[PDB]
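Before any comments, here is the structure.
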Amino acid sequence: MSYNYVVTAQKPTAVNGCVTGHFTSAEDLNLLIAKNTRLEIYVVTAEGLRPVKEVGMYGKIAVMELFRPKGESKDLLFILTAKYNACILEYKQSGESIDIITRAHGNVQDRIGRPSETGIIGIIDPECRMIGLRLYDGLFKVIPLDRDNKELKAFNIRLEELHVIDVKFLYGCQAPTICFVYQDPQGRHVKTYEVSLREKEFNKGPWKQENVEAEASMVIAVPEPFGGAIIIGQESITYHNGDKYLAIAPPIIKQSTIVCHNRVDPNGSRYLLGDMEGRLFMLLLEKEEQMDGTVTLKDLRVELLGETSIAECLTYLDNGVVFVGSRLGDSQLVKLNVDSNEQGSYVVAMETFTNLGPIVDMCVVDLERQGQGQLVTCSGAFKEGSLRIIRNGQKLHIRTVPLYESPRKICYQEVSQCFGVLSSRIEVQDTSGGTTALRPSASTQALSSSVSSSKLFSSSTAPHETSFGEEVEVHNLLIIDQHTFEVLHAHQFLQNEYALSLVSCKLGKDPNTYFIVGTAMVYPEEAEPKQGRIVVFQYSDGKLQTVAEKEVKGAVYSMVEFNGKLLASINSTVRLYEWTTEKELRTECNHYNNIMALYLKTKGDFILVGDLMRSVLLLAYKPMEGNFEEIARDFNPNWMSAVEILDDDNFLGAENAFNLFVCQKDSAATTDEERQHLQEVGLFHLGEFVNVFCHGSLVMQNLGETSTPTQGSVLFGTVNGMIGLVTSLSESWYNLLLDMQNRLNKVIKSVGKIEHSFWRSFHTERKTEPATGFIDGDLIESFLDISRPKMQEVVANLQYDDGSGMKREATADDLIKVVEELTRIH
Amino acid sequence: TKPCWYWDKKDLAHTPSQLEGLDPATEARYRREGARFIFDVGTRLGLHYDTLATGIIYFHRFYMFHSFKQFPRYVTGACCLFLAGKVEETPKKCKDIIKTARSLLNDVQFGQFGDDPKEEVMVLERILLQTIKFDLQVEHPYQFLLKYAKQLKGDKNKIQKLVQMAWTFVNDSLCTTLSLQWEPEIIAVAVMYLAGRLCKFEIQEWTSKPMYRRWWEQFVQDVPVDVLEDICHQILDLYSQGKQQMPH
Amino acid sequence: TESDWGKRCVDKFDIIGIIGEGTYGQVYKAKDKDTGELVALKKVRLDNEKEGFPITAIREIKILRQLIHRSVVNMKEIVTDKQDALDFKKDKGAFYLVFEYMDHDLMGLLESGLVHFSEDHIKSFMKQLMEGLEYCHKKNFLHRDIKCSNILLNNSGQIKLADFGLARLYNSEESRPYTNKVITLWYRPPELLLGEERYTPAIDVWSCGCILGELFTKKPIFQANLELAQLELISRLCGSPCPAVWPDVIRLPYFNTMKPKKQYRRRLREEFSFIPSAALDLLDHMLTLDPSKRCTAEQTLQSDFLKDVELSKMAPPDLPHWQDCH
Ligand SMILES: CC[C@H](CO)Nc1nc(NCc2ccc3ccccc3c2)c2ncn(C(C)C)c2n1
């Protein structure tokens, strides 16, 4: 068996959702921000936000909504986790003591059901009579909000429309009414149903089905006076209410997909709309009063306000202060002005909240020779793309390097005192037949620049037609100084060539240090790339020189230096190249029993391969024979997102289900079959998507004791910005910390009353296994935050083992010292 | 696709056994003794008649490729029965076959098994499988005797007498190389034909074509009486050579 | 000739790698040096010599040389390790069962979560499987290990059944004693959970029905660890076994022993209401408690769901091979 420990070095930073309400007091205005597994509670002031409370939940926050049922003084909060843990929460404050109350809780998972394409949707009635959940195709789940439903028991109503895009409860209806956009073979339509708690079924809705735009994406519930709904698409915005139908199709919104909406004026007169290019719009409802005294919607208007960070969630708060909750870039507070500035914009940034964004890749480098290490991340996407320099100093100090284009891979080249970074920018087919970039960015603002003139694929004869307005990716290799982070050089790859892998190394007997890039020729027609390049560059005297190119019959997904040779993965094939005295790559040996060789790691003559679906395979280079040999494979099927070698026997992997596992050689060599079986000894649900695993640590280790129970250091970056660390334990130390976890889980009160053991259980749509081989360091590190009575309750009857003393009782003060040492590695 | 498992009578003059100096009578004797050894061992163990026949067919085929002087026949027989049990889903442990083989064989005969009987048998299974070309599925006259008899309608007792007499002739034919000369379908017809002559029955009357004097043609196409008579002659030769007489 | 099996050496195949772990030996991917055909080799080791050549392999050899159908895996030949020269006693080399290589196995596609089946995709999948099962059933063979892993899919969309290690002939005339624990618990029929021991070919139909439901949910229907818990899950969906729906349930060894928590009513149509009507009717008939009332393979092919499915229009599963990296 294997024993490992996982801690969070940086908590998730990307904003997944934000709501405004009166949660902490019926008097205050609150903003609740939901980062993955973390809830942040703020109070709105005239300058900005006052933080008041933050809690963690043992689950990814999927639905977060505020409601105030009749009889309550203040808003209550509903949170549903991605594993279907539901709960209703209340804020309670006693002087200086702030705590969160779990008013109702339960798990609403159905034994049988198909998870929907558009994900979990949760909505609440305007009269707070029920919670609507869209969890599975063809079903609508209702949790009625009666006083007695403390377990959140619910029933399903059959829903004929299997493919629902979005559903929201409508305002201004006699009985609970849902408006949903759904898709069937005839296109997309908007339909309404009524929800009867007494009959537990749908009844016919207030207004007829209407066919809507093919890409109708979002449903807006318009409050009275207007009533009805607004449906946002790619080209048009439509209002539907009974007989009335309006449609505005302004050309400005066709340019970029609108992803978020928020209400500004409670009367429904004004809404905010945001799009993927970061633009912020105002949607205006023009009122017309009839002599009857009724107010009808006269027209719709869309007005461009300015630019924000590419926003996942928008919240208007009060005054002109809008909170831009971003998942791909930094979140923001911005102020909307009545008068535009001299550039024509009504939006001026107030504050910027750091978001490490998607961490596509990262490396650890000692820039100052401090014997510490600094973490350089490829963070963000599109106009939010950046590099982030991260060091320990008690908080993390983070420098941001804006690129305004997507960073893909990073590798450090000390000889050149610079970084090599792969990046891609979006250009659009223009009337010249070529393409035009939407904004200047790192690859266009380089000091010196170059473009591949390779003739490898120039024979073409394969037609690829272009339509005006279509997007393309343009890929570049950026040479960036390690001190100024100035883009010294930008090399642009071939049209339709994607840069997928990057290394910096010396090969063979060649004293030169090269940047080597693996690419793939990507055409929309192809299911899987069938052409690619390995390119050897040399960065010398401010210019990048193309040294050699090797044509391959696939995508070079991963490369790594291997004992002076170049190890590259081309589709299924894993290949080892030698670097000749003629400065060309020469194939030595190949391995072909793969589905798709997405990831490669090495140690000595051993190679770890990560497959798209066949988990991880341990290969070995046999120098006596000049070829590969399969040592062992993890025959259990997992979709890999990243891999890493812990030691000669233990191997770490991350699954696309937000799970981590460790495989070991069976080390019971009585039969060849046992040796070739990698056994999954560790299983753990991280809750994050791990893009990159990197050996290293950010703690200051020079001139220090640097002694800890833990051995080893692997850092990993995730899509939500979370950075974590995996380290190894001895059997004795694991058992102590594991036994302590079981004791802590009985003592510590969970938000929503979610069992910790459940949360960390390995989970896919098809399996759920109890965690094994992993200590939740974030749980262990919480021992230092629980009250003294609880600490002493935890240590009761706790014995140590395999120590100098076989059995040794633990005191509260003894464990405080142990945990504090564990806090020193992160 | 599939191998050919039938030889001409004339070809049996050139088995490995014959060419190593064994005369035709001796090889015929060895085949009877090996087959009957298989039959007796498996009967003591309670084995289905198909399992006994399958082992015997493996045995007969084996010695079309090997000589009796280099492969002791009772070891081969025991191995054939051991494999037959697994093929026909009537498995037996090799130790139990040895135990029974020892009970039935004298001291000289059991000498063939050498110092370690089980090992000599288990080791041979490799050669057996390669010899029979991994063609394990075998059909036997029994299923055709019953399939064809079911299509006869008439006096219940005369037909049952026909079947049992023919069934006995099938059991007796396993001691011969007929298994190597004619498909089982033909064997089943030949034994029905022989029992009919011995019982003075006119089988055509029991068929759906009572005026079709060559009654068997509706069961087995393209079979001349010559073939059925050759089979009948060879079966009765066993009875005449021995002291046993036709069952009747 | 092509029929002289067991003599050709495994030297004739370049071994690419180890695809999986088998019952009687590991399974390897290989390429024929002469033709370039990718083949799958199942290693049979008789060196254990506890009871000689494994019966599991004997069954697969015996049966698969008889069965010829598009939806049944083809055994191409049997090859051997370099044999010891003139020393058959010392020869401990193994034999290899040569099979056609299949790109993927259903479990792998589903567990990785890398496949989506539309109604049309499921029609093409089930028709091939049930036609293959019918071929086997018309030939009176029972698979007895139908599980997602044993169903094998090529990227074209051709479906082939594979592991016949537990297959045995079925006689309606002569009831025979059979082994009670045959199929994986998740795909095991209720009759065998109660210990039938004389089971029908409808055991394989139940398993295929569990797969049918799974293809619409991407999750197995009856996931349990213990035989009783499995009967409980089946009962929650299909209804509790009782003479009202299964007159002969009272004859089964464990009927009185393994009672479910309640005498549940059948809800299969309610919990599967998101399934298309033709499929729900097929599922309802395939997941019938009483094996003598459970539909046959032929009856499934004469259903509104699979009857008019044109097999020429192969309709492959939607498997992503790019953009899955990022
Ligand atoms: C019998 C157990 C196996 C494993 O589950 N099943 C199995 N799997 C086959 N291919 C799918 C497959 C499975 C695993 C892989 C791993 C890496 C790379 C490629 C892989 C491909 C296959 N091809 C042909 N056969 C014959 C033997 C019927 C097969 N038997």
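Residue numbers (the authors' numbering), protein chains in the order written: chain A, 1 to 393, 708 to 1140; chain C, 20 to 267; chain B, 715 to 1040. Cβ coordinates follow ideal geometry from the N, Cα and C atoms, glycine included.
Three-way DSSP call (helix, strand, coil) for residue i in this model
i                       : result
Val-870 of chain A      : strand
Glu-46 of chain C       : helix
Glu-774 of chain B      : helix
residue 1151 of chain A : Residue numbering for chain A in the displayed model covers 1 to 1140; residue 1151 of chain A lies beyond these limits and cannot be assessed.
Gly-822 of chain B      : helix
residue 684 of chain B  : This structure cannot speak to residue 684 of chain B, because chain B is shown only from 715 to 1040.
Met-972 of chain B      : coil
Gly-953 of chain B      : coil
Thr-308 of chain A      : coil
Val-324 of chain A      : strand
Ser-815 of chain A      : strand
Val-106 of chain C      : helix
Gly-329 of chain A      : coil
Local Cβ density within 10 Å of residue i, reported as buried at 16 or more and exposed below that
i                   : result
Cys-23 of chain C   : exposed
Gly-1119 of chain A : exposed
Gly-187 of chain A  : exposed
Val-338 of chain A  : exposed
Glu-719 of chain A  : buried
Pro-1103 of chain A : exposed
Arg-369 of chain A  : exposed
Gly-344 of chain A  : exposed
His-711 of chain A  : exposed
Interface residues of chain C facing residue i [CB-CB closer than 7 Å]
i                  : result
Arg-784 of chain B : Here the premise fails: no neighbours, minimum Cβ distance about 17 Å.
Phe-988 of chain B : Within chain C, no residue comes near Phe-988 of chain B; the closest Cβ sits about 43 Å away, beyond 7 Å.
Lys-852 of chain B : Residues of chain C passing the Cβ test: none, with the nearest at roughly 17 Å.
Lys-803 of chain B : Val-142
Sequence-distant residues of its chain with Cβ nearer than 6 Å to residue i (five each side left out)
i                  : result
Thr-737 of chain B : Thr-770, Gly-879
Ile-61 of chain A  : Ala-34, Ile-79
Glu-194 of chain A : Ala-175, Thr-177, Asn-203, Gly-205
Opposing strand residues paired with residue i [DSSP bridges]
i                  : result
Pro-144 of chain A : A:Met-130
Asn-854 of chain B : BP columns for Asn-854 of chain B are empty, so no partner.
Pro-69 of chain A  : Answer is none; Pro-69 of chain A lacks a bridge partner.
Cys-723 of chain B : B:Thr-794
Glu-286 of chain A : A:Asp-299
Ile-79 of chain A  : A:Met-64, A:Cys-87
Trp-893 of chain A : A:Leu-899
Close Cβ partners of residue i (< 8 Å) along its chain, the five nearest in sequence each way excluded
i                   : result
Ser-987 of chain B  : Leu-994
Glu-1134 of chain A : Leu-1098
Same chain, Cβ closer than 7 Å to residue i, five either side skipped, listed in chain order
i                  : result
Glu-224 of chain A : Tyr-171, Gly-172
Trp-225 of chain C : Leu-171, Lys-172, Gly-173, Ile-178
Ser-781 of chain A : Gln-743
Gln-977 of chain B : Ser-954, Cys-956
Within chain C, the residues that residue i reaches when beta carbons sit closer than 8 Å
i                  : result
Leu-760 of chain B : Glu-144, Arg-145
Interface partners of residue i on chain B, CB under 7 Å
i                  : result
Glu-987 of chain A : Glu-735, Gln-740
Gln-149 of chain C : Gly-720, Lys-721
Where residue i meets chain B, residues with beta-carbon distance less than 8 Å
i                   : result
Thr-1078 of chain A : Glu-825, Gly-827
Residues that residue i contacts on chain B, provided the C-beta gap is smaller than 9 Å
i                  : result
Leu-155 of chain C : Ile-772, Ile-775, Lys-776, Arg-779
Partners in chain A for residue i, counting only beta-carbon separations shorter than 7 Å
i                  : result
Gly-731 of chain B : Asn-907, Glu-944
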